[PDB]
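Here the structure is laid out as structure tokens; the discussion comes afterwards.
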Amino acid sequence: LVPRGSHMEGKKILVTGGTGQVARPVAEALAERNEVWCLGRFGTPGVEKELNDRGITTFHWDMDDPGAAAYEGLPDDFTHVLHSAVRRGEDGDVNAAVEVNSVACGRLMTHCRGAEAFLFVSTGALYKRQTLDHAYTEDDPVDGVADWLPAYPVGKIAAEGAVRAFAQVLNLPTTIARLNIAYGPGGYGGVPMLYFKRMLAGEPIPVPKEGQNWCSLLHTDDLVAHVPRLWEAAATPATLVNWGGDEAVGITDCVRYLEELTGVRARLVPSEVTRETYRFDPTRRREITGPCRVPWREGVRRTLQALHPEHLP
Amino acid sequence: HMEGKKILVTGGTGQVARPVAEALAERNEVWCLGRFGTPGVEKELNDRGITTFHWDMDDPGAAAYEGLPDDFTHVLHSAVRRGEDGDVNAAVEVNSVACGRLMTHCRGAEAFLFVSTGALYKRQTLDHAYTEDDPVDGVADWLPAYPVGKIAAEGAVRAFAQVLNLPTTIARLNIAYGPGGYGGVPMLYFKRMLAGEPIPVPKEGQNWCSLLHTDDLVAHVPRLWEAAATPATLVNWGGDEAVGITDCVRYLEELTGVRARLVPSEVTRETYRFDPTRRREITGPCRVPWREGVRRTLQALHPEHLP
Ligand SMILES: NC(=O)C1=CN([C@@H]2O[C@H](COP(=O)(O)OP(=O)(O)OC[C@H]3O[C@@H](n4cnc5c(N)ncnc54)[C@H](OP(=O)(O)O)[C@@H]3O)[C@@H](O)[C@H]2O)C=CC1
Ligand SMILES: NC(=O)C1=CN([C@@H]2O[C@H](COP(=O)(O)OP(=O)(O)OC[C@H]3O[C@@H](n4cnc5c(N)ncnc54)[C@H](OP(=O)(O)O)[C@@H]3O)[C@@H](O)[C@H]2O)C=CC1
Ligand SMILES: O=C1C(O)=C(c2ccccc2)C(=O)C(O)=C1c1ccccc1
Ligand SMILES: O=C1C(O)=C(c2ccccc2)C(=O)C(O)=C1c1ccccc1
């Protein structure tokens, strides 16, 4: 039993994507005992205020500004950087996804070239499909294919190229962590709660025509604990790691568990295109972080208790 | 036209950039950076007045850049590790880092030209004319690590162009052909015809490309440098004509009397036609018609097979 603020102390941390599902808990945890700055647009009313109240310095910063003006007034003595902000490309503009994310990586790394470690969050969506249940490793083939969000993996391959190159040119120790499905009791709860909201609405949930999709769910409390360890593993050349939990979780199994807990019935629709998650081989991540602690059934149950308690018996 | 410049070329032993380097050497100081593993190729370049500098993208660190001048005015980055061995991380790392180190070293240049590929476009219909805004998926079953490495390298190039304020053009090249080297895809098909090998073609229709003759390719390079900008200028770099692959092979047979052994197949190598609108705005029209170009290339490489 140890407070999560004790994972790291006395540092000066820059976080992008600090309003988001992944990096907000990291920024909040690290703000207790470190100086934490969150850079973003803060378009959601009240979020900047909550971050400020929770001890975080906020700085307006928009990746869509192509010039360098976005960095005026930003300190250059951060020790640690988490770059989690993303333009996924839902609008289908693949050139914009490539340009905006890649240039932001280069400008941010250059600004923070004196830092001890830079952590870039990426995705497993860029893996080439083998089978739906395969445990993807860091060396498995890559393609730019995600039918559910086509521009997203392409933008991430481009950004990873920029990150690798700047890590070497600047001699800035870096980790590229290809993240799996994050979930937890903050925000909107992650993909598991997106599917629960579809269940409540009677909206169809696309599933594969053969088999089910698989993932390596990663709970917030484990994700937060891993960040200091991922910084410690940063290197030149950049360290690459598939970042997921320790349990293989079937997506349809997760939906069935939501049904069991709540009594709400799901509508599964076999489809050519699904939200195509993958599970990861946890070998390399475990080498860096040690084992995860939160079992997924316990974690999902408590996420429901936090965000949808009225639907639990 | 270009004179009095100082030009850094990578990939100067290759099919694309060697004619460019040789043509620029007449009125400019040209340096070719590479490994020169082919016996005799380094001296062939030196005999044109090209300065050669041993430079290996596989080398870790910045040691490969020791002693390299930093006052180049123009850069053509054509060298590539395509990833034939399947090691996708090595291909992504080597190419991306080389782009970053080269651009940073040459951050004072007037313009940087990066050669990319059309293979990264998401496949549409056989005769689709791909534009610069068409979707991308990095799929190439024939060389999986290659388009992925080009997407990664393009991301590095775009980022360094902005960070360094280095005007850049990214030119996604089509199929190049001409009398040098082994002649390009048209001559590879002719070699198969000479060997009596089967030529796979689609069961319906044909594959389409935008062949670019190397005389036109050479002429375009100064214009591509002139179009360089921040953010990087993106252009699909092909010829002005949609060329059917089956039509090309049939024309080879028509010229030579060597029979082409076409075999309809569900699996054939994919080729891409480019919309030439943006390239033409930058370079003007091409000058080599494809039938003349293919015939002249045959005359250069296989003269005994023309009547
Ligand atoms: N399960 C998941 O959630 C997974 C996420 N990832 C990766 O994790 C990282 C975070 O994802 P997640 O937390 O889900 O993101 P969210 O979708 O929850 O939020 C997006 C984040 O990006 C920031 N952002 C978007 N556009 C801009 C911009 N133009 N300028 C500045 N900031 C911007 C937003 O900041 P603001 O609100 O201030 O605009 C917000 O913090 C991303 O790199 C993503 O690819 C990978 C795999 C799974
Ligand atoms: N039709 C075509 O030929 C097309 C080509 N392209 C692009 O055009 C560019 C040139 O292609 P092409 O001329 O066909 O290439 P080639 O296959 O003819 O030659 C490859 C070139 O890469 C250089 N190279 C490879 N590995 C290294 C290394 N480790 N260190 C230094 N140099 C290296 C070689 O130099 P050395 O001999 O000194 O080792 C050689 O000059 C590439 O970027 C390619 O992606 C795109 C579309 C079509
Ligand atoms: O649902 C996913 C997702 O499925 C993946 C992913 C796919 C395969 C392998 C690993 C991760 C993402 O990378 C991801 O960012 C999301 C996501 C997108 C928008 C909003 C919330 C989450
Ligand atoms: O044959 C090709 C090729 O066909 C393409 C290409 C594909 C689709 C669209 C545009 C170009 C390449 O980009 C290319 O570099 C080669 C090549 C591979 C190995 C050695 C020499 C050349």
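Please note that chains go A, B, ... in the order of the structure tokens, that every chain numbers its residues from 1, and that ligands are numbered from 1 in the order shown.
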Q) Can I get the residues close to ligand 3 as an NGL selection string, where close means within 8 Å and we count only C-alpha atoms and all ligand atoms? A) :A and (21 or 88 or 122-127 or 178-182 or 190-191 or 215 or 275-279)
Q: Would you list the residues that come within 9 Å of ligand 2? Count only C-alpha atoms and all ligand atoms and give the answer as a ChimeraX atom specification.
A: /B:10-18,32-38,41-42,54-59,77-82,94-95,98,114-119,146-147,150,171-177,181,184-185,211-212,237
Please determine the contact residues of chain A with respect to chain B at a cut-off of 6 Å, counting only C-alpha atoms, and supply them as a PDB file with N, CA, C and O atoms, in the first residue's frame.
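Below you can see part_27.pdb, which holds the result:
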```pdb
ATOM      1  N   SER A 102       3.475  14.820 -37.083  1.00  0.00           N
ATOM      2  CA  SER A 102       4.918  14.691 -37.251  1.00  0.00           C
ATOM      3  C   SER A 102       5.634  15.982 -36.874  1.00  0.00           C
ATOM      4  O   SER A 102       6.654  15.959 -36.179  1.00  0.00           O
ATOM      5  N   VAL A 103       5.136  17.117 -37.363  1.00  0.00           N
ATOM      6  CA  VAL A 103       5.782  18.392 -37.085  1.00  0.00           C
ATOM      7  C   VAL A 103       5.712  18.709 -35.596  1.00  0.00           C
ATOM      8  O   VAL A 103       6.676  19.220 -35.015  1.00  0.00           O
ATOM      9  N   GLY A 106       8.463  16.879 -33.826  1.00  0.00           N
ATOM     10  CA  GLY A 106       9.764  17.497 -33.998  1.00  0.00           C
ATOM     11  C   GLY A 106       9.935  18.796 -33.235  1.00  0.00           C
ATOM     12  O   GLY A 106      10.988  19.039 -32.639  1.00  0.00           O
ATOM     13  N   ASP A 143       1.520  -2.177 -41.232  1.00  0.00           N
ATOM     14  CA  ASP A 143       0.914  -1.598 -42.422  1.00  0.00           C
ATOM     15  C   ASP A 143       0.118  -0.372 -41.999  1.00  0.00           C
ATOM     16  O   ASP A 143       0.020  -0.034 -40.816  1.00  0.00           O
ATOM     17  N   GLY A 144      -0.412   0.330 -42.975  1.00  0.00           N
ATOM     18  CA  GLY A 144      -1.163   1.511 -42.600  1.00  0.00           C
ATOM     19  C   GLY A 144      -2.650   1.263 -42.603  1.00  0.00           C
ATOM     20  O   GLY A 144      -3.402   2.146 -43.019  1.00  0.00           O
ATOM     21  N   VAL A 145      -3.099   0.083 -42.161  1.00  0.00           N
ATOM     22  CA  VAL A 145      -4.483  -0.324 -42.359  1.00  0.00           C
ATOM     23  C   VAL A 145      -5.236  -0.313 -41.037  1.00  0.00           C
ATOM     24  O   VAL A 145      -4.899  -1.051 -40.103  1.00  0.00           O
ATOM     25  N   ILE A 157       2.623   6.080 -37.990  1.00  0.00           N
ATOM     26  CA  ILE A 157       3.880   5.632 -38.599  1.00  0.00           C
ATOM     27  C   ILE A 157       4.756   6.835 -38.923  1.00  0.00           C
ATOM     28  O   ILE A 157       5.965   6.849 -38.655  1.00  0.00           O
ATOM     29  N   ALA A 158       4.152   7.868 -39.518  1.00  0.00           N
ATOM     30  CA  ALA A 158       4.893   9.086 -39.847  1.00  0.00           C
ATOM     31  C   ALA A 158       5.483   9.726 -38.602  1.00  0.00           C
ATOM     32  O   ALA A 158       6.649  10.119 -38.571  1.00  0.00           O
ATOM     33  N   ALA A 159       4.667   9.873 -37.568  1.00  0.00           N
ATOM     34  CA  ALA A 159       5.135  10.477 -36.331  1.00  0.00           C
ATOM     35  C   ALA A 159       6.243   9.645 -35.690  1.00  0.00           C
ATOM     36  O   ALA A 159       7.214  10.201 -35.177  1.00  0.00           O
ATOM     37  N   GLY A 161       8.405   7.864 -37.257  1.00  0.00           N
ATOM     38  CA  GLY A 161       9.606   8.187 -38.017  1.00  0.00           C
ATOM     39  C   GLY A 161      10.257   9.479 -37.554  1.00  0.00           C
ATOM     40  O   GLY A 161      11.480   9.551 -37.390  1.00  0.00           O
ATOM     41  N   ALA A 162       9.457  10.542 -37.403  1.00  0.00           N
ATOM     42  CA  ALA A 162       9.980  11.798 -36.874  1.00  0.00           C
ATOM     43  C   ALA A 162      10.598  11.617 -35.482  1.00  0.00           C
ATOM     44  O   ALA A 162      11.699  12.111 -35.215  1.00  0.00           O
ATOM     45  N   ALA A 165      13.968   9.902 -35.564  1.00  0.00           N
ATOM     46  CA  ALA A 165      15.002  10.747 -36.159  1.00  0.00           C
ATOM     47  C   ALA A 165      15.431  11.857 -35.209  1.00  0.00           C
ATOM     48  O   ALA A 165      16.629  12.115 -35.050  1.00  0.00           O
TER      49      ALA A 165
END
```
Q. So which bits of stretch 119-244 of chain A end up strand (DSSP E) when you DSSP the backbone, as a PyMOL selection string?
A. chain A and resi 119-123+135-136+174-179+182-183+205-208+214-215+218-219+239-243
Contacts of residue B:202 at 7 Å or less, counting only C-alpha atoms, minus same-chain residues fewer than 5 places along, as a PDB file with N, CA, C and O atoms, in the first residue's frame?
```pdb
ATOM      1  N   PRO B 264      -3.153 -14.824 -67.842  1.00  0.00           N
ATOM      2  CA  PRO B 264      -4.110 -14.170 -66.939  1.00  0.00           C
ATOM      3  C   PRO B 264      -4.049 -14.784 -65.548  1.00  0.00           C
ATOM      4  O   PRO B 264      -4.066 -16.006 -65.391  1.00  0.00           O
ATOM      5  N   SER B 265      -3.975 -13.923 -64.535  1.00  0.00           N
ATOM      6  CA  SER B 265      -3.802 -14.357 -63.158  1.00  0.00           C
ATOM      7  C   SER B 265      -4.591 -13.448 -62.230  1.00  0.00           C
ATOM      8  O   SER B 265      -4.800 -12.268 -62.521  1.00  0.00           O
ATOM      9  N   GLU B 266      -5.030 -14.011 -61.103  1.00  0.00           N
ATOM     10  CA  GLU B 266      -5.679 -13.210 -60.072  1.00  0.00           C
ATOM     11  C   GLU B 266      -4.680 -12.405 -59.255  1.00  0.00           C
ATOM     12  O   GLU B 266      -5.073 -11.433 -58.604  1.00  0.00           O
ATOM     13  N   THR B 268      -1.241 -10.265 -59.689  1.00  0.00           N
ATOM     14  CA  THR B 268      -0.198  -9.632 -60.476  1.00  0.00           C
ATOM     15  C   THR B 268       0.378  -8.486 -59.656  1.00  0.00           C
ATOM     16  O   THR B 268      -0.269  -7.959 -58.747  1.00  0.00           O
TER      17      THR B 268
END
```
Q. DSSP on the backbone: what in stretch 188-269 of chain B comes out alpha helix (DSSP H), as a PyMOL selection string?
A. chain B and resi 188-195+214-226+245-256
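The shell of residues at most 7 Å from stretch 279-291 of chain B, with only C-alpha atoms counted and near chain neighbours (fewer than 2 positions) removed, consists of residues 213, 216, 220, 223, 224, 227, 235, 236, 237, 239, 240, 276, 277, 293, 294 and 295 of chain B.
Note that atom CA of residue B:305 and atom CA of residue B:197 are 17.2 Å apart.
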Please write out the residues within 6 Å of ligand 1 as a PDB file with N, CA and C atoms, in the first residue's frame, counting only C-alpha atoms and all ligand atoms.
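What ended up in result_4.pdb:
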```pdb
ATOM      1  N   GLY A  17      -1.784  16.237 -24.235  1.00  0.00           N
ATOM      2  CA  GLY A  17      -2.905  15.321 -24.110  1.00  0.00           C
ATOM      3  C   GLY A  17      -3.406  15.145 -22.692  1.00  0.00           C
ATOM      4  N   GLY A  18      -3.142  16.120 -21.822  1.00  0.00           N
ATOM      5  CA  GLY A  18      -3.496  16.026 -20.417  1.00  0.00           C
ATOM      6  C   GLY A  18      -4.980  16.142 -20.104  1.00  0.00           C
ATOM      7  N   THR A  19      -5.809  16.501 -21.084  1.00  0.00           N
ATOM      8  CA  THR A  19      -7.251  16.401 -20.887  1.00  0.00           C
ATOM      9  C   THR A  19      -7.782  15.020 -21.268  1.00  0.00           C
ATOM     10  N   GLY A  20      -6.947  14.194 -21.917  1.00  0.00           N
ATOM     11  CA  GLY A  20      -7.418  12.961 -22.506  1.00  0.00           C
ATOM     12  C   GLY A  20      -7.504  11.783 -21.565  1.00  0.00           C
ATOM     13  N   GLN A  21      -8.074  10.692 -22.078  1.00  0.00           N
ATOM     14  CA  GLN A  21      -8.301   9.502 -21.264  1.00  0.00           C
ATOM     15  C   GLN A  21      -7.003   8.888 -20.749  1.00  0.00           C
ATOM     16  N   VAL A  22      -5.924   8.968 -21.531  1.00  0.00           N
ATOM     17  CA  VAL A  22      -4.686   8.301 -21.150  1.00  0.00           C
ATOM     18  C   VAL A  22      -3.869   9.161 -20.203  1.00  0.00           C
ATOM     19  N   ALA A  23      -3.564  10.391 -20.601  1.00  0.00           N
ATOM     20  CA  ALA A  23      -2.563  11.176 -19.878  1.00  0.00           C
ATOM     21  C   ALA A  23      -3.117  12.021 -18.738  1.00  0.00           C
ATOM     22  N   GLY A  40      -2.196  22.251 -24.120  1.00  0.00           N
ATOM     23  CA  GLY A  40      -3.345  21.843 -24.905  1.00  0.00           C
ATOM     24  C   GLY A  40      -4.256  23.001 -25.244  1.00  0.00           C
ATOM     25  N   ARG A  41      -5.433  22.655 -25.753  1.00  0.00           N
ATOM     26  CA  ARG A  41      -6.431  23.636 -26.174  1.00  0.00           C
ATOM     27  C   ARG A  41      -7.520  23.837 -25.125  1.00  0.00           C
ATOM     28  N   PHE A  42      -7.821  22.802 -24.347  1.00  0.00           N
ATOM     29  CA  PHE A  42      -8.781  22.915 -23.235  1.00  0.00           C
ATOM     30  C   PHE A  42     -10.139  23.458 -23.694  1.00  0.00           C
ATOM     31  N   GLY A  43     -10.639  22.921 -24.808  1.00  0.00           N
ATOM     32  CA  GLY A  43     -11.916  23.376 -25.322  1.00  0.00           C
ATOM     33  C   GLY A  43     -13.107  22.915 -24.511  1.00  0.00           C
ATOM     34  N   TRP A  61      -1.726  25.577 -26.228  1.00  0.00           N
ATOM     35  CA  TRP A  61      -0.795  25.017 -27.208  1.00  0.00           C
ATOM     36  C   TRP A  61      -1.621  24.184 -28.168  1.00  0.00           C
ATOM     37  N   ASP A  62      -1.567  24.531 -29.454  1.00  0.00           N
ATOM     38  CA  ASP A  62      -2.378  23.901 -30.483  1.00  0.00           C
ATOM     39  C   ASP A  62      -1.445  23.374 -31.565  1.00  0.00           C
ATOM     40  N   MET A  63      -1.459  22.054 -31.769  1.00  0.00           N
ATOM     41  CA  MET A  63      -0.615  21.433 -32.788  1.00  0.00           C
ATOM     42  C   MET A  63      -0.943  21.905 -34.206  1.00  0.00           C
ATOM     43  N   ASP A  64      -2.159  22.393 -34.432  1.00  0.00           N
ATOM     44  CA  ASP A  64      -2.546  22.867 -35.754  1.00  0.00           C
ATOM     45  C   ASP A  64      -1.863  24.177 -36.138  1.00  0.00           C
ATOM     46  N   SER A  84       1.256  12.797 -25.485  1.00  0.00           N
ATOM     47  CA  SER A  84       0.064  11.992 -25.674  1.00  0.00           C
ATOM     48  C   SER A  84      -0.988  12.647 -26.559  1.00  0.00           C
ATOM     49  N   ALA A  85      -0.890  13.948 -26.834  1.00  0.00           N
ATOM     50  CA  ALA A  85      -1.859  14.595 -27.721  1.00  0.00           C
ATOM     51  C   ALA A  85      -1.786  13.991 -29.122  1.00  0.00           C
ATOM     52  N   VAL A  86      -2.942  13.929 -29.786  1.00  0.00           N
ATOM     53  CA  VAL A  86      -3.022  13.303 -31.105  1.00  0.00           C
ATOM     54  C   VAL A  86      -4.112  13.945 -31.948  1.00  0.00           C
ATOM     55  N   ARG A  87      -3.808  14.130 -33.255  1.00  0.00           N
ATOM     56  CA  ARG A  87      -4.827  14.346 -34.282  1.00  0.00           C
ATOM     57  C   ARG A  87      -4.997  13.003 -34.999  1.00  0.00           C
ATOM     58  N   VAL A 121       3.516   8.353 -27.050  1.00  0.00           N
ATOM     59  CA  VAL A 121       2.457   7.348 -27.075  1.00  0.00           C
ATOM     60  C   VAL A 121       2.078   7.088 -28.525  1.00  0.00           C
ATOM     61  N   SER A 122       2.115   5.826 -28.934  1.00  0.00           N
ATOM     62  CA  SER A 122       1.681   5.411 -30.263  1.00  0.00           C
ATOM     63  C   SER A 122       0.540   4.394 -30.129  1.00  0.00           C
ATOM     64  N   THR A 123       0.358   3.532 -31.131  1.00  0.00           N
ATOM     65  CA  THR A 123      -0.754   2.598 -31.187  1.00  0.00           C
ATOM     66  C   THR A 123      -0.329   1.269 -31.784  1.00  0.00           C
ATOM     67  N   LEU A 179       0.496   1.919 -27.513  1.00  0.00           N
ATOM     68  CA  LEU A 179      -0.463   1.636 -26.443  1.00  0.00           C
ATOM     69  C   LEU A 179      -1.612   0.769 -26.932  1.00  0.00           C
ATOM     70  N   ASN A 180      -2.116  -0.072 -26.023  1.00  0.00           N
ATOM     71  CA  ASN A 180      -3.304  -0.890 -26.239  1.00  0.00           C
ATOM     72  C   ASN A 180      -4.537  -0.144 -25.739  1.00  0.00           C
ATOM     73  N   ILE A 181      -5.592  -0.855 -25.348  1.00  0.00           N
ATOM     74  CA  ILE A 181      -6.851  -0.224 -24.950  1.00  0.00           C
ATOM     75  C   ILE A 181      -6.744   0.177 -23.479  1.00  0.00           C
ATOM     76  N   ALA A 182      -6.747   1.489 -23.215  1.00  0.00           N
ATOM     77  CA  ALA A 182      -6.728   2.016 -21.853  1.00  0.00           C
ATOM     78  C   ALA A 182      -8.152   2.112 -21.297  1.00  0.00           C
TER      79      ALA A 182
END
```
